[PDB]
Each structure stands twice: as C-alpha cells, then as structure tokens.
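Okay, final.txt is below, compact mmCIF, C-alpha atoms and all ligand atoms:
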# COMPACT_ATOMS: atom_id res chain seq x y z
CA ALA A 1 73.57 -109.68 74.96
CA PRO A 2 76.70 -111.04 73.26
CA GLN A 3 76.50 -114.80 73.45
CA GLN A 4 80.10 -115.15 74.68
CA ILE A 5 79.31 -113.02 77.73
CA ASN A 6 76.00 -114.80 78.33
CA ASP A 7 77.72 -118.16 78.16
CA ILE A 8 80.73 -117.41 80.30
CA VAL A 9 78.68 -115.72 83.01
CA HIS A 10 75.98 -118.38 83.21
CA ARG A 11 78.38 -121.30 83.05
CA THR A 12 80.44 -119.83 85.89
CA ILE A 13 77.78 -118.42 88.19
CA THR A 14 75.15 -121.20 88.02
CA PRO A 15 77.47 -123.80 89.61
CA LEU A 16 78.78 -121.20 92.08
CA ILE A 17 75.23 -120.49 93.30
CA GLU A 18 74.49 -124.21 93.62
CA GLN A 19 77.73 -125.08 95.42
CA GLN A 20 77.61 -122.13 97.81
CA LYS A 21 73.81 -122.26 98.40
CA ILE A 22 73.49 -118.56 97.59
CA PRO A 23 69.84 -117.41 97.76
CA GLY A 24 70.17 -114.44 95.36
CA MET A 25 72.86 -112.92 93.16
CA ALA A 26 73.36 -110.09 90.70
CA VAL A 27 76.30 -109.80 88.31
CA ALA A 28 77.37 -107.04 85.97
CA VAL A 29 80.04 -107.45 83.33
CA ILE A 30 81.51 -104.26 81.90
CA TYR A 31 82.87 -105.16 78.42
CA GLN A 32 84.47 -102.52 76.21
CA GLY A 33 82.94 -100.06 78.64
CA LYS A 34 79.26 -101.22 78.40
CA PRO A 35 77.40 -103.07 81.22
CA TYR A 36 75.59 -106.39 80.88
CA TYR A 37 73.41 -107.57 83.75
CA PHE A 38 72.44 -110.96 85.11
CA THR A 39 70.30 -111.91 88.11
CA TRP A 40 69.32 -115.11 89.92
CA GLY A 41 67.23 -116.13 92.85
CA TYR A 42 65.70 -114.23 95.72
CA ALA A 43 66.19 -110.91 97.50
CA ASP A 44 63.64 -112.03 100.09
CA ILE A 45 62.94 -115.73 100.28
CA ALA A 46 59.93 -115.49 102.58
CA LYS A 47 58.20 -112.87 100.43
CA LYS A 48 59.28 -114.54 97.18
CA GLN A 49 60.87 -111.33 95.92
CA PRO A 50 63.35 -111.97 93.08
CA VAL A 51 66.73 -110.28 92.69
CA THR A 52 66.38 -107.53 90.11
CA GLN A 53 68.64 -104.81 88.70
CA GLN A 54 67.09 -102.51 91.35
CA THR A 55 67.80 -104.79 94.34
CA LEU A 56 70.02 -103.22 97.03
CA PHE A 57 72.79 -105.35 98.49
CA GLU A 58 75.10 -104.58 101.45
CA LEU A 59 78.53 -104.01 100.02
CA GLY A 60 80.39 -104.53 103.30
CA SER A 61 84.10 -103.75 102.86
CA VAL A 62 83.62 -102.86 99.19
CA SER A 63 82.43 -99.62 100.82
CA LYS A 64 86.13 -98.87 101.46
CA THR A 65 86.56 -98.08 97.79
CA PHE A 66 84.06 -95.22 98.12
CA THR A 67 85.81 -94.03 101.29
CA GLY A 68 89.15 -94.07 99.51
CA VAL A 69 87.83 -92.12 96.55
CA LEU A 70 86.07 -89.58 98.83
CA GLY A 71 89.39 -89.13 100.63
CA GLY A 72 91.15 -88.73 97.28
CA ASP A 73 88.60 -86.06 96.29
CA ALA A 74 89.36 -84.14 99.50
CA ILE A 75 93.09 -84.27 98.71
CA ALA A 76 92.32 -82.96 95.22
CA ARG A 77 90.21 -80.17 96.79
CA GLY A 78 93.19 -79.17 98.93
CA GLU A 79 91.25 -79.90 102.14
CA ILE A 80 93.61 -82.61 103.43
CA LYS A 81 97.01 -84.13 102.62
CA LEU A 82 97.90 -87.77 103.15
CA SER A 83 101.16 -86.60 104.70
CA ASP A 84 99.15 -84.69 107.42
CA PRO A 85 99.56 -86.11 110.97
CA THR A 86 96.32 -87.64 112.25
CA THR A 87 96.51 -85.15 115.16
CA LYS A 88 96.07 -82.19 112.83
CA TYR A 89 92.43 -83.26 112.38
CA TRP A 90 91.89 -84.62 115.89
CA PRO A 91 93.79 -82.40 118.30
CA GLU A 92 92.39 -84.28 121.32
CA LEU A 93 94.44 -87.26 120.19
CA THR A 94 97.41 -86.27 122.39
CA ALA A 95 98.86 -89.67 123.21
CA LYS A 96 102.53 -89.97 122.22
CA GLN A 97 102.11 -93.10 120.09
CA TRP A 98 100.25 -90.92 117.55
CA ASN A 99 103.42 -88.97 116.75
CA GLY A 100 104.26 -89.89 113.20
CA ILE A 101 100.99 -91.60 112.31
CA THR A 102 99.63 -89.87 109.21
CA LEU A 103 96.37 -89.93 107.25
CA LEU A 104 98.26 -92.16 104.74
CA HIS A 105 98.87 -94.74 107.47
CA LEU A 106 95.20 -94.72 108.47
CA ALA A 107 93.96 -95.02 104.94
CA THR A 108 96.26 -97.94 104.05
CA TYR A 109 96.20 -99.99 107.33
CA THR A 110 99.86 -99.20 108.08
CA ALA A 111 99.49 -97.21 111.32
CA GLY A 112 101.09 -100.03 113.28
CA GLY A 113 98.42 -102.54 114.26
CA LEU A 114 95.09 -100.77 114.70
CA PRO A 115 92.56 -103.53 115.21
CA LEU A 116 90.30 -105.17 112.69
CA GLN A 117 87.18 -103.88 114.39
CA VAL A 118 86.28 -100.97 116.57
CA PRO A 119 85.12 -102.62 119.80
CA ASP A 120 81.35 -102.95 120.04
CA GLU A 121 81.62 -101.33 123.50
CA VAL A 122 82.41 -98.06 121.73
CA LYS A 123 78.98 -96.36 121.69
CA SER A 124 79.89 -92.66 121.91
CA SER A 125 82.25 -89.96 120.72
CA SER A 126 84.06 -89.94 124.08
CA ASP A 127 84.31 -93.75 123.88
CA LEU A 128 85.96 -93.47 120.41
CA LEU A 129 88.48 -90.96 121.70
CA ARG A 130 89.37 -93.19 124.64
CA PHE A 131 89.78 -96.13 122.30
CA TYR A 132 92.29 -94.44 119.99
CA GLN A 133 94.10 -92.70 122.84
CA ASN A 134 94.60 -95.99 124.64
CA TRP A 135 95.50 -98.15 121.64
CA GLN A 136 99.13 -99.31 121.73
CA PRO A 137 100.79 -100.06 118.36
CA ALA A 138 102.66 -103.27 117.85
CA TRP A 139 104.87 -101.78 115.12
CA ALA A 140 106.34 -98.48 114.00
CA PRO A 141 104.20 -96.59 111.52
CA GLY A 142 104.65 -97.54 107.88
CA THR A 143 106.21 -100.94 108.46
CA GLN A 144 103.36 -103.51 108.50
CA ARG A 145 99.91 -103.77 106.96
CA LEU A 146 97.03 -105.13 109.07
CA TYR A 147 93.64 -104.82 107.47
CA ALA A 148 91.47 -102.80 109.83
CA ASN A 149 88.10 -101.07 109.95
CA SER A 150 89.43 -98.94 112.82
CA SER A 151 92.15 -97.67 110.47
CA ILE A 152 90.38 -96.71 107.26
CA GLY A 153 87.21 -95.88 109.23
CA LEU A 154 89.07 -93.14 111.14
CA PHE A 155 90.63 -91.93 107.86
CA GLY A 156 87.15 -91.46 106.37
CA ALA A 157 85.87 -89.58 109.41
CA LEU A 158 88.89 -87.26 109.52
CA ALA A 159 89.08 -86.70 105.73
CA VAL A 160 85.70 -84.96 105.68
CA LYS A 161 86.36 -82.70 108.73
CA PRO A 162 87.60 -79.63 106.85
CA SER A 163 84.51 -79.69 104.55
CA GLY A 164 82.24 -79.33 107.56
CA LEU A 165 79.99 -82.05 106.08
CA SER A 166 79.09 -85.30 107.73
CA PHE A 167 80.66 -88.32 106.15
CA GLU A 168 77.29 -89.26 104.64
CA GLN A 169 76.61 -85.73 103.27
CA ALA A 170 80.09 -85.58 101.80
CA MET A 171 79.76 -88.98 100.16
CA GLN A 172 76.32 -88.16 98.73
CA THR A 173 77.18 -84.74 97.37
CA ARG A 174 80.75 -85.38 96.24
CA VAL A 175 80.72 -88.97 94.98
CA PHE A 176 77.24 -90.49 94.61
CA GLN A 177 75.49 -87.49 93.07
CA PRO A 178 78.11 -86.51 90.43
CA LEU A 179 78.33 -90.13 89.30
CA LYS A 180 74.52 -90.49 89.16
CA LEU A 181 74.55 -93.31 91.68
CA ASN A 182 70.96 -92.54 92.64
CA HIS A 183 70.33 -95.93 94.30
CA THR A 184 73.43 -96.06 96.46
CA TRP A 185 73.06 -95.29 100.15
CA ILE A 186 74.80 -95.23 103.47
CA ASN A 187 71.41 -95.32 105.20
CA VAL A 188 68.65 -97.06 103.18
CA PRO A 189 65.71 -94.63 102.96
CA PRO A 190 62.11 -95.78 103.44
CA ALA A 191 61.49 -95.20 99.71
CA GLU A 192 63.95 -98.01 98.86
CA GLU A 193 62.91 -100.52 101.53
CA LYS A 194 60.95 -102.61 99.02
CA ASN A 195 64.22 -103.12 97.08
CA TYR A 196 66.53 -103.86 100.00
CA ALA A 197 67.44 -107.55 99.95
CA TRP A 198 67.66 -109.55 103.16
CA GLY A 199 71.04 -111.08 103.87
CA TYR A 200 71.08 -114.69 104.91
CA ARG A 201 73.37 -116.13 107.54
CA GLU A 202 72.76 -119.77 108.44
CA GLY A 203 69.42 -119.39 106.70
CA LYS A 204 68.27 -116.49 108.92
CA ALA A 205 67.38 -113.11 107.33
CA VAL A 206 69.68 -110.39 108.60
CA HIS A 207 70.80 -106.83 107.93
CA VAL A 208 73.98 -105.11 109.06
CA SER A 209 73.99 -103.84 112.65
CA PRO A 210 74.92 -100.23 113.55
CA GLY A 211 78.47 -99.74 114.74
CA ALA A 212 81.08 -97.04 115.22
CA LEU A 213 82.61 -95.93 111.89
CA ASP A 214 80.26 -98.26 110.05
CA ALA A 215 79.56 -95.80 107.24
CA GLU A 216 83.27 -95.29 106.61
CA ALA A 217 84.32 -98.93 106.69
CA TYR A 218 81.46 -101.19 105.64
CA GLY A 219 78.22 -99.29 105.41
CA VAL A 220 77.26 -98.73 101.73
CA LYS A 221 74.30 -100.44 100.03
CA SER A 222 73.88 -100.33 96.26
CA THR A 223 72.30 -101.95 93.19
CA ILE A 224 73.99 -103.87 90.43
CA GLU A 225 73.36 -100.92 88.03
CA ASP A 226 75.00 -98.35 90.30
CA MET A 227 77.89 -100.71 90.99
CA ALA A 228 78.39 -101.20 87.25
CA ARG A 229 78.54 -97.41 86.96
CA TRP A 230 81.02 -97.25 89.87
CA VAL A 231 83.21 -99.73 87.99
CA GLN A 232 82.92 -97.70 84.73
CA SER A 233 83.91 -94.53 86.63
CA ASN A 234 86.99 -96.20 88.15
CA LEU A 235 87.97 -97.82 84.84
CA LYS A 236 87.92 -94.51 83.01
CA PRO A 237 88.22 -91.54 85.37
CA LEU A 238 89.15 -89.06 82.65
CA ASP A 239 85.52 -89.21 81.47
CA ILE A 240 84.36 -87.73 84.81
CA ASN A 241 83.53 -84.05 84.51
CA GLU A 242 84.16 -83.03 88.14
CA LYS A 243 87.92 -82.50 88.27
CA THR A 244 88.46 -83.24 91.94
CA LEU A 245 86.51 -86.51 91.73
CA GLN A 246 88.44 -87.58 88.62
CA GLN A 247 91.61 -86.85 90.58
CA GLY A 248 90.29 -88.65 93.65
CA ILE A 249 89.71 -91.79 91.58
CA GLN A 250 93.25 -91.57 90.26
CA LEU A 251 94.66 -91.14 93.79
CA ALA A 252 92.74 -94.14 95.11
CA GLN A 253 94.42 -96.40 92.56
CA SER A 254 97.91 -95.12 93.20
CA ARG A 255 100.32 -97.66 94.63
CA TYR A 256 101.42 -96.70 98.16
CA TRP A 257 102.77 -99.97 99.62
CA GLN A 258 103.71 -103.46 98.36
CA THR A 259 103.40 -106.85 100.02
CA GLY A 260 104.09 -109.81 97.80
CA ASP A 261 102.36 -109.25 94.43
CA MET A 262 99.78 -106.86 95.90
CA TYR A 263 99.84 -103.06 96.01
CA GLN A 264 97.70 -101.08 98.42
CA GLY A 265 95.66 -98.13 97.13
CA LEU A 266 93.08 -96.07 99.02
CA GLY A 267 90.40 -98.72 99.51
CA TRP A 268 91.28 -100.42 96.22
CA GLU A 269 93.97 -103.06 96.02
CA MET A 270 95.91 -103.71 92.81
CA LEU A 271 98.11 -106.34 91.15
CA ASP A 272 100.00 -106.09 87.87
CA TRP A 273 98.09 -107.46 84.87
CA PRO A 274 98.38 -110.14 83.68
CA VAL A 275 97.99 -111.66 87.11
CA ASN A 276 98.77 -115.08 88.38
CA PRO A 277 95.20 -116.29 89.13
CA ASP A 278 96.55 -118.27 92.07
CA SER A 279 97.90 -115.04 93.54
CA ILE A 280 94.55 -113.24 93.54
CA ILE A 281 92.42 -116.30 94.37
CA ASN A 282 94.47 -117.65 97.27
CA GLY A 283 95.39 -114.13 98.31
CA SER A 284 91.73 -113.25 98.81
CA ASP A 285 91.30 -115.88 101.52
CA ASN A 286 90.94 -114.10 104.87
CA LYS A 287 93.68 -116.35 106.27
CA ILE A 288 95.98 -114.23 104.03
CA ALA A 289 94.01 -111.03 103.49
CA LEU A 290 93.75 -110.32 107.21
CA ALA A 291 97.32 -111.33 108.25
CA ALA A 292 99.98 -108.92 109.54
CA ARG A 293 102.35 -108.42 106.61
CA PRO A 294 105.61 -106.37 106.37
CA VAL A 295 105.24 -103.74 103.60
CA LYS A 296 107.66 -102.00 101.22
CA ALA A 297 106.99 -98.27 100.97
CA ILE A 298 106.57 -97.06 97.40
CA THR A 299 108.35 -93.75 97.69
CA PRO A 300 106.78 -91.81 96.04
CA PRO A 301 103.62 -93.70 95.17
CA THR A 302 103.21 -94.87 91.59
CA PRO A 303 100.28 -93.18 89.88
CA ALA A 304 97.38 -95.46 88.85
CA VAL A 305 98.74 -98.15 86.52
CA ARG A 306 96.56 -99.04 83.56
CA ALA A 307 97.75 -102.64 83.31
CA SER A 308 96.39 -103.61 86.73
CA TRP A 309 93.87 -106.03 88.18
CA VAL A 310 92.13 -103.65 90.58
CA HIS A 311 89.77 -105.21 93.08
CA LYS A 312 88.09 -105.35 96.46
CA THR A 313 86.18 -108.05 98.32
CA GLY A 314 83.59 -107.19 100.94
CA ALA A 315 81.12 -108.83 103.27
CA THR A 316 78.62 -108.27 106.02
CA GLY A 317 77.01 -110.97 108.18
CA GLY A 318 74.48 -111.70 105.43
CA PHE A 319 76.15 -110.53 102.19
CA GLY A 320 79.19 -111.20 100.04
CA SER A 321 80.41 -108.88 97.28
CA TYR A 322 83.35 -108.56 94.87
CA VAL A 323 84.41 -106.01 92.30
CA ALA A 324 87.36 -106.31 89.91
CA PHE A 325 88.46 -104.46 86.79
CA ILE A 326 91.30 -104.10 84.34
CA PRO A 327 91.68 -100.57 83.00
CA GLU A 328 93.95 -101.72 80.13
CA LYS A 329 91.17 -103.98 78.83
CA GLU A 330 88.13 -101.77 79.56
CA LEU A 331 86.85 -104.84 81.41
CA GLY A 332 85.28 -105.38 84.77
CA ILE A 333 82.85 -107.31 86.95
CA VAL A 334 80.61 -106.79 89.98
CA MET A 335 79.24 -109.84 91.87
CA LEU A 336 76.67 -109.07 94.62
CA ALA A 337 75.19 -111.91 96.73
CA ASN A 338 72.97 -112.02 99.80
CA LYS A 339 75.07 -114.65 101.52
CA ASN A 340 78.63 -114.22 102.87
CA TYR A 341 80.34 -117.09 100.96
CA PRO A 342 84.14 -117.60 100.84
CA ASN A 343 86.25 -114.92 99.15
CA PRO A 344 88.32 -117.35 97.03
CA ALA A 345 85.15 -118.66 95.39
CA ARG A 346 84.28 -115.08 94.38
CA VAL A 347 87.68 -114.32 92.97
CA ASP A 348 87.94 -117.66 91.13
CA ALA A 349 84.59 -117.01 89.42
CA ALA A 350 85.53 -113.39 88.64
CA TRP A 351 88.86 -114.50 87.11
CA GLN A 352 87.26 -117.29 85.07
CA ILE A 353 84.87 -114.72 83.62
CA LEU A 354 87.32 -111.88 82.93
CA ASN A 355 90.02 -114.25 81.63
CA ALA A 356 87.57 -115.66 79.10
CA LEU A 357 86.58 -112.19 77.86
CA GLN A 358 90.02 -110.57 77.81
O1 LIG B 401 72.53 -120.96 102.73
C1 LIG B 401 72.19 -121.77 103.60
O2 LIG B 401 72.88 -122.33 104.50
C2 LIG B 401 70.68 -121.94 103.92
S1 LIG B 401 70.28 -123.15 105.04
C3 LIG B 401 68.62 -122.82 104.93
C4 LIG B 401 68.39 -121.80 104.07
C5 LIG B 401 69.58 -121.25 103.46
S2 LIG B 401 69.63 -120.03 102.39
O3 LIG B 401 68.31 -119.83 101.92
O4 LIG B 401 70.36 -118.92 102.84
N1 LIG B 401 70.43 -120.55 100.99
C6 LIG B 401 69.81 -120.53 99.68
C7 LIG B 401 70.08 -121.62 98.65
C8 LIG B 401 68.74 -121.57 99.35
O1 LIG B 402 110.60 -106.05 98.71
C1 LIG B 402 110.88 -105.73 99.90
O2 LIG B 402 111.85 -105.12 100.33
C2 LIG B 402 109.74 -106.01 100.92
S1 LIG B 402 110.08 -105.41 102.47
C3 LIG B 402 108.56 -105.97 103.05
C4 LIG B 402 107.83 -106.57 102.08
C5 LIG B 402 108.48 -106.63 100.79
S2 LIG B 402 107.82 -107.32 99.47
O3 LIG B 402 106.79 -108.22 99.87
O4 LIG B 402 107.56 -106.33 98.47
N1 LIG B 402 108.98 -108.33 98.76
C6 LIG B 402 109.03 -109.71 99.17
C7 LIG B 402 108.51 -110.84 98.29
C8 LIG B 402 110.00 -110.71 98.53
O1 LIG B 403 98.67 -89.92 91.36
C1 LIG B 403 99.44 -89.76 92.33
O2 LIG B 403 99.73 -90.55 93.22
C2 LIG B 403 100.06 -88.34 92.31
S1 LIG B 403 100.70 -87.80 93.79
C3 LIG B 403 101.18 -86.30 93.10
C4 LIG B 403 100.67 -86.18 91.86
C5 LIG B 403 100.06 -87.39 91.31
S2 LIG B 403 99.53 -87.50 89.72
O3 LIG B 403 99.52 -86.17 89.18
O4 LIG B 403 100.18 -88.54 89.01
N1 LIG B 403 97.94 -87.99 89.46
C6 LIG B 403 96.82 -87.59 90.24
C7 LIG B 403 97.09 -86.98 91.58
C8 LIG B 403 96.64 -86.10 90.41
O1 LIG B 404 84.01 -107.00 104.61
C1 LIG B 404 84.88 -107.91 104.76
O2 LIG B 404 85.28 -108.67 103.90
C2 LIG B 404 85.67 -107.94 106.10
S1 LIG B 404 87.11 -108.86 106.02
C3 LIG B 404 87.48 -108.57 107.66
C4 LIG B 404 86.52 -107.80 108.24
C5 LIG B 404 85.43 -107.41 107.35
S2 LIG B 404 84.14 -106.53 107.80
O3 LIG B 404 84.09 -106.48 109.21
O4 LIG B 404 84.01 -105.34 107.07
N1 LIG B 404 82.73 -107.42 107.45
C6 LIG B 404 82.58 -108.74 108.07
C7 LIG B 404 81.21 -109.35 108.37
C8 LIG B 404 82.07 -109.94 107.28
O1 LIG B 405 76.65 -106.53 111.49
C1 LIG B 405 77.34 -106.97 110.50
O2 LIG B 405 76.99 -107.70 109.58
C2 LIG B 405 78.82 -106.48 110.56
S1 LIG B 405 79.51 -105.98 109.09
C3 LIG B 405 81.00 -105.61 109.84
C4 LIG B 405 80.95 -105.86 111.17
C5 LIG B 405 79.69 -106.38 111.63
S2 LIG B 405 79.28 -106.78 113.16
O3 LIG B 405 78.60 -105.74 113.83
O4 LIG B 405 78.75 -108.10 113.22
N1 LIG B 405 80.70 -106.97 114.06
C6 LIG B 405 81.40 -108.24 114.13
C7 LIG B 405 82.03 -108.83 112.87
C8 LIG B 405 82.91 -108.34 114.00
Go through the file and emit its structure as structure tokens.
Amino acid sequence: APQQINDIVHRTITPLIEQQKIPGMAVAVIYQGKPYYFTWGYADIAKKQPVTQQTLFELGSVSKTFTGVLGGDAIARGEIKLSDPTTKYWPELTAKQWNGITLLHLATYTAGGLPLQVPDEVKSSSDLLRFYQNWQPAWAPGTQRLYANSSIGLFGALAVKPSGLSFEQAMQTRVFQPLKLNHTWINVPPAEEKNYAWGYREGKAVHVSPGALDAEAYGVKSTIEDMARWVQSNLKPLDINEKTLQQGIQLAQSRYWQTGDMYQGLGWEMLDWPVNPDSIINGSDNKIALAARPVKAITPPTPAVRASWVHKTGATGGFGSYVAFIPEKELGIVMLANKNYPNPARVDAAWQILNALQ
C-alpha cells in the first residue's frame, strides 16, 4: 500500500483503539477511487477470531444511507414521490395531524417531532398503526429536525409499498445485488455466522435485538470490503449501470434542509468542503446530533454537490461505525468497530486521515 496511507491510518487508529478500548476494528480508505484495507483485533474475543476483511459488523444508523438510496431509487422508478402525503401509502393513517406530512418529512426527520425510537411495546402491525395514529406533533411539518428512527423507518417501509416487495427483498434486489454487495445483509444468514463479529458493551458480547422498523432504520450488517464499495458507489454514481440506482444515489445526496453548517440528504448528511473540522467533530456528538433544531427549507433542493463532506455515523448496543467521503477529491473512509465508542472520536480520526490525504 502507499506508505502515506499506511502511516496516516496506523498513526491515527492505533491510539484510538487503545484510548477507546475497542476490541476489533476494520478501516477502508478509498484514495483516487481505490480501496485500501486495515484490520486490528478481535471479532470474537472468547473464540480468538481476528477481524478480517470478511468480518460482518452491525452498521446501526449507517443503515439509513441504504434506506435513503433505496427510497431515491423508488423515486427514480416513478413508484413514489417525496411530495406524496404519507397517507397515500397508508390510508389507515386517518388522524388529522397527518395532513401535510409528506414522505419528504419522514425521510428527513422533519415531520414535526416523531420520536427517536419506536416504542419497544410495539410488537405488531396493529400496534404500529396505533402508535402513528396517536402520535401528536410538537411542531408544524417542515419546521424542525429531530433525528428519529420512527421517521426514516416509516419512510423506508412506505417507499417500497408500490413495488410489492418487502423492504428486505427490495434492498437486496435493487441496491445490494446491482452493486455486488454480496456480504451485506439485513438478516445475517447461517452461511455467514462464522464471520459475524460480536459487539461488546461493557465487555459483554451482544448483537442487535429485533425491533419494529429495525431493517429500515438500523438493521444492516456488512464487511469492510462491501462498505468500501458502497463508498465508491456514492462517490461516483455515474459509473453505476442501473439508471434508477444511479439516480437514487444522486437524490440521497441532494440538499433538502439546512441547520447550521449541515444539510440533510436522504440518510446521508452533508457539509460544504472544505469543512471546519470543529463543525463536523463537535456536531457529531449526540448532544448536538439528536437535538431539536429549526431548519431552513432548501426550495427546491440543491442537487448533490461535489465539493461536500458527506457522512453518517451509526451505532448499535455493541458496535460503532462511521463513513465519510468527499466526491471532489475521490476520497473516502469507512471505520467499523465492535464497540459503540463516542461519535466525536470517530469523526476526529476520520478527519485527521482524510485531511492528511487530501
Ligand atoms: O471495552 C471495554 O470496556 C471492556 S471491559 C472488559 C472487556 C472489554 S472489551 O473487550 O470490550 N474491550 C477491548 C479492549 C479489550
Ligand atoms: O438560515 C435560516 O433562515 C435558518 S431558519 C432555521 C435554521 C436556519 S440556519 O441554521 O440555516 N441559519 C442559522 C445559522 C444562522
Ligand atoms: O437531484 C435532485 O434533487 C433533482 S430533483 C429534480 C431533478 C433533480 S436532478 O435531475 O438534478 N438529479 C437527479 C434527480 C435526477
Ligand atoms: O445509530 C446511532 O447512532 C443512533 S443515534 C440515536 C439513535 C441511534 S440508534 O438507535 O440507531 N442506535 C443506538 C444504539 C446506539
Ligand atoms: O438492540 C440494539 O443494539 C439497538 S440498535 C437501535 C436500538 C436498539 S435497542 O433495541 O436497544 N433500543 C434502545 C436503544 C433504544
């Protein structure tokens, strides 16, 4: 590998792993469009299994980037429109507070205060209906952003309804398969169990628990190789042969709302490049990332901007992941760890690496 990449990655990640007591980690750097891979530590401490380029990690909320792109693909197919009222796809949703809440609002967390999680009590389809029918918004639609699995999770479920496919079938056949992400899963199959890392939370081995809208909001597992390929595909969508998927990638990086220096895409979030590193690092802290923030509508949305820092953090109980890229520089990074360690540490390391290579 190029020594500059070797050196910047090792000198950044080694101390991170030590300081954060991360059991296992995989990193990919995409540099002038080519991936370079690095691994450390253990996928399974008890069984002494090392992290490899084939190890599966829980992506947590990085999954939202796949949901956003799948939704974009459905727009490009003419199956849905972001301007469609939510009720068009869920006619049983008759409660008056849904008037004016569109698929755009669901996808971008701007519906007016849908909650961070779907309640664990929701264990059926009728339960889910009751939950959304009874939810009372704090704010008018399109006025404030509040990061929420119940928001983008419902968007994902509704976006695939016209296709007739389950969310998992749609994702597999329309996103994973065309991009040759052959080791990326919503449900880990028995064939891949030997590669599925344990997550570690307070030293205990854990995997993500089932929940309503899990697939749509936080449910994807993938390897460092497939995630490198996901980054390549989002860096350079015009190289994708399937037209609707190329278009879906473009739509997911369009800029729909602004708060501070950040622009909200579908799943992806973006800042102008060059970025103030303090903006992305401090901004990634959940104390900020999960706050209720007033948004400026971008009317109409700005198509995907090349000179952007495009990124997404994600976690589950036992895993912590980060992906960032800069289309203008053909540069990107994926960091997958089997411990949920603080977001700002991820973004600081990612910026130190990409800044050195830019
Ligand atoms: O992370 C921790 O708190 C702890 S505490 C005990 C084990 C672990 S761990 O195995 O998950 N961490 C890795 C460095 C050894
Ligand atoms: O610009 C606006 O009108 C609005 S209105 C609500 C948010 C914003 S903003 O965050 O993009 N601008 C803030 C930093 C000054
Ligand atoms: O990108 C957008 O937001 C939009 S929204 C309408 C068209 C476009 S685009 O043509 O510039 N690029 C992708 C959709 C086909
Ligand atoms: O993924 C994330 O970063 C975030 S940030 C806020 C919620 C979530 S999540 O619910 O999907 N995962 C939780 C266990 C850490
Ligand atoms: O199981 C996990 O790791 C995840 S990942 C996202 C939520 C959960 S959960 O089931 O604990 N729900 C709690 C965080 C609010």
* Could you check which of A:325, A:330, A:15, A:351 is closest to residue 276 in chain A, using all atoms listed in the file? =>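 The answer is A:351, which sits nearest to residue 276 in chain A.
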* Compare A:258, A:250, A:299, A:352 by their minimum atom-to-atom distance to residue 278 in chain A, counting only C-alpha atoms, and give me the closest one. =>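 Among A:258, A:250, A:299, A:352, it is A:352 that comes nearest to residue 278 in chain A.
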* Two-atom distance - CA of residue 142 in chain A, CA of residue 256 in chain A (Å) -> 10.3 Å
* **Point-to-point distance from CA of residue 304 in chain A to atom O1 of ligand LIG 403 (chain B), Å rounded to tenths** =>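 Spanning CA of residue 304 in chain A to atom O1 of ligand LIG 403 (chain B) is a straight-line distance of 6.2 Å.
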Could you give me the axis-aligned bounding box of ligand LIG 402 (chain B), with 5 Å of padding per side, as centre plus edge lengths in Å to one decimal, as lines of an AutoDock Vina configuration file?
center_x = 109.3
center_y = -108.0
center_z = 100.7
size_x = 15.1
size_y = 15.7
size_z = 14.8
